[PDB]
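S.K.: quick one: experimental structure and sequence below.
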Amino acid sequence: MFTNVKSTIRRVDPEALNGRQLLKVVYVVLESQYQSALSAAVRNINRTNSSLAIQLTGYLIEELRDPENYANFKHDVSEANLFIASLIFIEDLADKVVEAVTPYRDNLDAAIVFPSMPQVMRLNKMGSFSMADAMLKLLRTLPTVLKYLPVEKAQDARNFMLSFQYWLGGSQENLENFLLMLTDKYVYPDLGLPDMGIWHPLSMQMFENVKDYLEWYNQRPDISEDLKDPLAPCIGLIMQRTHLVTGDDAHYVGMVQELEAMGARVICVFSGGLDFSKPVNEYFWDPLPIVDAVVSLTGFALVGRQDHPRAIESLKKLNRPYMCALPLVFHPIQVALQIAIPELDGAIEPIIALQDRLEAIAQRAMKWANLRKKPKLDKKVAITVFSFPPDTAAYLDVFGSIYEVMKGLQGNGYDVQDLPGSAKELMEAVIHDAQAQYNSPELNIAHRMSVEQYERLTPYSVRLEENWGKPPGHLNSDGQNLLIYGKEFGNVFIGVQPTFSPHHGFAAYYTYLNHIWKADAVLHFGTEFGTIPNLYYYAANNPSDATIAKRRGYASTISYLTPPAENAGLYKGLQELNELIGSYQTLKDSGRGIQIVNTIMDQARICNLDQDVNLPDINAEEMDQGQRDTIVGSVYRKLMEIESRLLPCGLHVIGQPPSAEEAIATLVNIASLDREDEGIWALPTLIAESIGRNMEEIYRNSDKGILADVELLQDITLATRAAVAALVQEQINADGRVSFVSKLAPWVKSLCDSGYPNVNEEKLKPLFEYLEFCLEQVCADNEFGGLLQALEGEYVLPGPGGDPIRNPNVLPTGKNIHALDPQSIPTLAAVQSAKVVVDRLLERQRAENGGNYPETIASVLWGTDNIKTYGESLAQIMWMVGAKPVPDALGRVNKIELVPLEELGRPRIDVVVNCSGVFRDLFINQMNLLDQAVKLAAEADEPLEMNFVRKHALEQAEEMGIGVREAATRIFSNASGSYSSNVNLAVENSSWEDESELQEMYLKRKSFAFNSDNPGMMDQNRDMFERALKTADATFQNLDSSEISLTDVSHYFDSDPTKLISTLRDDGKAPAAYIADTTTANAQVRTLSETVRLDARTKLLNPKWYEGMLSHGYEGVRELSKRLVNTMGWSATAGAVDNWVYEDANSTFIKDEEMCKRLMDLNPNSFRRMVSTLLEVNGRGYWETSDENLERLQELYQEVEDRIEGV
């Protein structure tokens, strides 16, 4: 007592309760320090806390002998909210404690036992928490316990660790916090109770600089020397100050512990603000970065309106992998709005107990860090190839590109052994005799896997066995072993998975890369659905798919350019006709201009242009002046559409960018679009302005077939092509000496030479400045650069995916491409362009239906076109029901309203909206707006003949016995987690008897109804889907681009409900099928037939297109069969394919004995597919052709099966 202060007082009461909640606390403890510190904390809470009072009774441990005392202890525990004990090691009395407590443990809101004998510790109860030097062991253990628990139950264990950290401190205010925290969280929950810096769960003080943190970190006795080493892997985490201040941070703690148990040094930064660049710039450096990889757990933009330009400059300085995990990891609209934001920051995404998620994020961050740590000549780089031999519009020469990547790797000190002589030699090394000259094509076996090795290393082996049976099955099997296909080239491994629950072979391949070959990175090409980094080379023009990869395969999506587009051109009968027409303005001077129009109409009829122009059977002589001109103008504008269509006619090799010359066509169309955001006008607008001419009036007069305006347009086009060619030629022969040739000219010459010498040079000045910049970005070679950065463990510059021509900022390529803020669309320009398209679709549908508006239009929505047009197609569906999106103060589109009928000037058209799975994934927020818009239309107090949504909904509501709003259900997709109608799979696998099977699985798979009134529940609603489709007068889609057109991919046809609707309608009528194209300044709304023809004329049956593709050899043939297989698709879904398309395909590729043998010799597998397709479209009833043509194909299929399979 001389040396240690001891109270005579056991019990502390509040003087006056004053209607406060009374907390009852009972302690038994060894140390008088802790007795008098608790008593002090209670008297301080009692004297100041305006809502709570605390009653405290207790005993030092040895005072529990007197039965006087032990009675009162038992009594006090009866009535007690909270029981505390610490350092109870007297076995005698430990049991006396347990006897008194365990009876009322059910009764105690909580009981906290710090290091005592294990009988007493068992009493621990803190919400869901129990037992299910001495003081620091328990502390340092508790973080290791959190992963095994669900987040609620981690939080209770974190509360016990926070309550312990308080006790150890031992301060009067530490203990006030301990009592107030236990009261807030476990006793009376309904009751009140630095701007940035560094945090670690184990230091009770936060740090405000790096040295203070590292100082503390190295002085820790409970870690390895490995974590102290500056050579150690260091991983940055970012979090909101909120969760630290709150103590709701268990998942933050379990993360830090997981990174440490794997021997990562960890730097958690925080901020109460929304500029996480400040903490990043301060604490992830000192100058050099001190971090190998960042994992943001903010689930925000780095810099918040979000500011991406600053965040990008910040993350490029640090130059490390940026990973982000949404806190939600630890509804469906807020998830799709959230995940989108970090993607614009260049984030990779490493995404019941916490274990899975923590372990996943952890392991993936290590592998990204390990990309820095590991030396170049030890790094192992798997490259995986899909569907070789071939039985998206990637536009990728795969083996071409792999070769360039293997060379690039060897030019940069990776261990590439025995790099073959060419792209073909590389292919020869993976697919032995791919060409089937001598023997069967067969795949180089890179390793045989015994069932022993498979099942041991692949833990999920059994979960595949359900329907693929016992390993190794019949696929990628010799009979005993599974077969890993590829060829090792030292530290590079070029793999092949020809085929895809996935079978044992598919698992086995990824088991080899991960656990046996042990790759440090894998590189895929986007042409689908472990811990190693996952790199995709994805087309710059495919943000939507790229985005699905970022979210489904933990991916980083480096962009490559699609081949430099060429004008499709004319050929054979179409060139001949362009000549006849070119001679019509000369033979009008000769007063002869009658019999030529008869000849023009005849050649137009041979080209089958009679289906695209109304070509009445009337001799020219029996027609006036006006309508002879109009017949030519008509045929000539459709010839010019074919000639001027801008598409790629070949494949891309990664790292081999277009020359300045092959970039001119691309630049022509770049030059042909007004840009308000760049304050410049389209060269064609200026050329038309120079003649006092509105370029919109010309387009619409060209559409009408007014010959004068067709010639004017073609003239202005040729003018624009030359001007831009002059600029490109000037920059060539100024051999990169004058850095910007547009600011010194030969393009005012080649405008005057063209015959337009009044082109406002003020406006023209900056246009050609832009074009020259655009030219430089097209020609950039950053593609191999981006893969290097990723493999070094640097941060890849993010950029927008999209159409280069409509948005040149998609250039240059070599970037981790992103979609866009789903709340930034549609824009006022997209909305305005939407109305023009809709007005045009309705005009065309009335015209071919006695002037009656359609009552219902069935439309598809893709993510892809709405990314590239800032929500046009989406906005078209809004305009149909007479609704406008309402952007808020901050420019976010998160509301919608009806437009009054006055303003719409026609009735509200009803809608069936088939949203792709991908549209659902990116833009469920727009699905929400569309469903809100439709239901306002149905509820509207408008005459039914002015509002078809409400006409239909009222009728369907009565038949179905439901409310008008529930009956107005028109927004549909795949079930949550699903994609496509699977009509693409059936048609690729020729595995379907009749159209009713296709149509059946469509109705099963696509009838999941979005509901703005319950967004989480997307239930199947096939009754409503059928009743709505039943009412459809027309089907409608928007073309992505000329490169991703109707025949280039299988998705448009997979979503096509045209024949489905003719089946469901009691009157059996096929809907009119239309396809909008807004890729050029001249928005067309074509028939599906027109559009299929235009693809046939520009792609499959175009020499420029097929010879361009065949100039790349093996993979050339693959592109040909693709357009023919996708053409079959349209026969099955629409019947939109003219018989001549199939005839001409057979003519060009089969009846030409040269071309036929050429294709077969070049690629048997793809040629076999071309023959199957033509035999199939006949076999099914879509192609009528000679018995002779079918006999040839039937032999050719036998010839090529023999070559491929042996005999």
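M.R.: Thanks, I have it. Numbers count the residues shown, from 1 in each chain.
S.K.: from the middle of its chain, how far away would stretch 525-534 be?
M.R.: 13 Å (Cα atoms, centre = their mean, to the nearest Å).
S.K.: who touches it?
M.R.: The contact list for stretch 525-534 (Cβ atoms under 8 Å, 6 or more residues apart in numbering) reads 360, 363-364, 366-368, 371, 382, 385-387, 392, 394, 396, 398, 401, 510, 513-514, 519-522, 524, 536-539, 542, 545-546, 548-549, 552-557, 790. Every C-beta, even on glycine, is put in place using the N, C-alpha and C of the backbone.
S.K.: show me those residues that map onto strands.
M.R.: The strands, defined by DSSP state E, take in 382, 385, 386, 521, 522, 524, 536, 537, 538, 539, 556, 557 from these.
S.K.: and of those residues, the nearest to residue 112?
M.R.: Among the ones in strands among the contacts of stretch 525-534, residue 556 lies closest to residue 112 (Cβ to Cβ), at 46.7 Å.
S.K.: is the closest one in a bridge, and if so with what?
M.R.: For residue 556, the beta-bridge partners under DSSP bridges are residue 535.
S.K.: quick one: contacts for it?
M.R.: By Cβ under 8 Å, 6+ apart, the contact list for residue 556 reads 348, 533, 534, 535, 536, 550, 790, 796, 816.
S.K.: next: residue 306.
M.R.: Residue 306 neighbours (Cβ under 8 Å, 6+ apart): 341, 344, 821.
S.K.: isn't the second one right up against residue 821?
M.R.: Looking back up the chat, that one is residue 344. Yes: the criterion here is Cβ atoms under 8 Å, and residue 344 meets it with residue 821 at 7.1 Å.
S.K.: what's the helix or strand where residue 1146 lies packed up against?
M.R.: Using DSSP states H and E, the element containing residue 1146 is helix 1139-1146. Counting contacts by 3 or more Cβ pairs under 8 Å, 6 or more residues apart in numbering; DSSP states H and E, helix 1139-1146 packs against helix 1088-1098, helix 1114-1133, helix 1164-1180.
S.K.: sorry, back to before: which members of the ones in strands among the contacts of stretch 525-534 are the farthest-apart pair?
M.R.: 382 and 539 (21.4 Å).
S.K.: and the helices and strands packed on helix 1139-1146 as a markdown table, adding distance to residue 323 and mean neighbour count?
M.R.: Listed next are the helices and strands packed on helix 1139-1146 as a markdown table, based on distance: least, Cβ to Cβ, whole Å; neighbours: other Cβ atoms under 10 Å:
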| stretch | distance to residue 323 | mean neighbour count |
| --- | --- | --- |
| helix 1088-1098 | 41 | 24 |
| helix 1114-1133 | 34 | 25 |
| helix 1164-1180 | 40 | 22 |
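S.K.: of all the ones you listed, which lies closest to residue 98?
M.R.: Taking the helices and strands packed on helix 1139-1146 one by one with Cβ to Cβ, helix 1114-1133 is closest: 75.1 Å.
S.K.: tell me how far residue 1057 lies from residue 1126.
M.R.: 17 Å (Cβ to Cβ, to the nearest Å).
S.K.: same thing with residue 118?
M.R.: 71 Å.
S.K.: and what of residue 1018?
M.R.: Residue 1018 is 29 Å from residue 1126, by Cβ to Cβ.
S.K.: tell me who's in contact with residue 51.
M.R.: Residues in contact with residue 51, defined by Cβ under 8 Å, 6+ apart, are 20, 21, 191, 192, 193.
S.K.: for the residue lying closest to residue 1088 once chain neighbours are set aside, grab phi and psi.
M.R.: Excluding the flanking residues, the one nearest residue 1088 by Cβ to Cβ, 6 or more residues apart in numbering is residue 1073, at 3.5 Å. Residue 1073 adopts backbone torsions of phi -100, psi 120, taken as degrees, to the nearest 10.
S.K.: which residues does residue 1073 contact?
M.R.: For residue 1073, the contact set (Cβ under 8 Å, 6+ apart) comprises 1034, 1035, 1036, 1056, 1058, 1087, 1088, 1089, 1134, 1136.
S.K.: put the buried members of the residues you listed into a ChimeraX selection.
M.R.: Those of these that count as buried under 16 or more other Cβ atoms under 10 Å are selected in ChimeraX with:
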select :1034,1035,1036,1056,1058,1087,1088,1089,1134,1136
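S.K.: kindly reformat the contacts of residue 1073 as TSV containing distance to residue 146.
M.R.: Listed next are these as TSV, based on distance: Cβ to Cβ, whole Å:
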residue	distance to residue 146
1034	58
1035	54
1036	53
1056	51
1058	56
1087	62
1088	57
1089	63
1134	57
1136	59
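S.K.: of the contacts of residue 1073, closest to residue 175?
M.R.: residue 1036 (70.6 Å).
S.K.: distance of that closest one from residue 950?
M.R.: In terms of Cβ to Cβ, residue 1036 sits 21 Å off from residue 950.
S.K.: same thing with residue 598?
M.R.: Distance from residue 598 to residue 950, by Cβ to Cβ: 53 Å.
S.K.: between those two, which has more neighbouring residues?
M.R.: Neighbour count, other Cβ atoms under 10 Å: between residue 598 and residue 950, residue 950 has more, with 25 against 14.
S.K.: check which helix or strand the more buried one maps to.
M.R.: For residue 950, the element it lies in under DSSP H and E is helix 948-960.
S.K.: now that helix: how far from the chain's centre is it?
M.R.: 37 Å.
S.K.: do the same with stretch 977-992
M.R.: On Cα atoms, centre = their mean, the centre of stretch 977-992 falls 21 Å from the chain's centre.
S.K.: likewise stretch 914-922?
M.R.: Worked out by Cα atoms, centre = their mean, stretch 914-922 lies 11 Å from the chain centre.
S.K.: what does stretch 1149-1165 give?
M.R.: Using Cα atoms, centre = their mean, the offset of stretch 1149-1165 from its chain centre is 38 Å.
S.K.: try stretch 1038-1052
M.R.: Using Cα atoms, centre = their mean, the offset of stretch 1038-1052 from its chain centre is 18 Å.
S.K.: can you give me the end-to-end distance of it?
M.R.: 9 Å (Cα to Cα, to the nearest Å).
S.K.: next one: stretch 1092-1107
M.R.: 20 Å.
S.K.: how about residues contacting it?
M.R.: The contact list for stretch 1092-1107, computed with Cβ under 8 Å, 6+ apart, reads 566, 568-569, 571, 574, 608, 611-612, 641-642, 645, 647, 649, 1042, 1045-1048, 1086, 1120, 1123-1124, 1127, 1130, 1136-1138, 1141, 1144-1145, 1148-1149.
S.K.: tell me the domain boundaries of this protein?
M.R.: 21-186, 196-373, 376-532, 570-644, 661-779, 828-1098, 1099-1207 (automatic domain parsing).
S.K.: can you redo the ones you listed as JSON lines with distance to residue 807?
M.R.: Listed next are those as JSON lines, based on distance: least, Cβ to Cβ, whole Å:
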{"stretch": "domain 21-186", "distance to residue 807": "41"}
{"stretch": "domain 196-373", "distance to residue 807": "14"}
{"stretch": "domain 376-532", "distance to residue 807": "18"}
{"stretch": "domain 570-644", "distance to residue 807": "21"}
{"stretch": "domain 661-779", "distance to residue 807": "10"}
{"stretch": "domain 828-1098", "distance to residue 807": "7"}
{"stretch": "domain 1099-1207", "distance to residue 807": "24"}
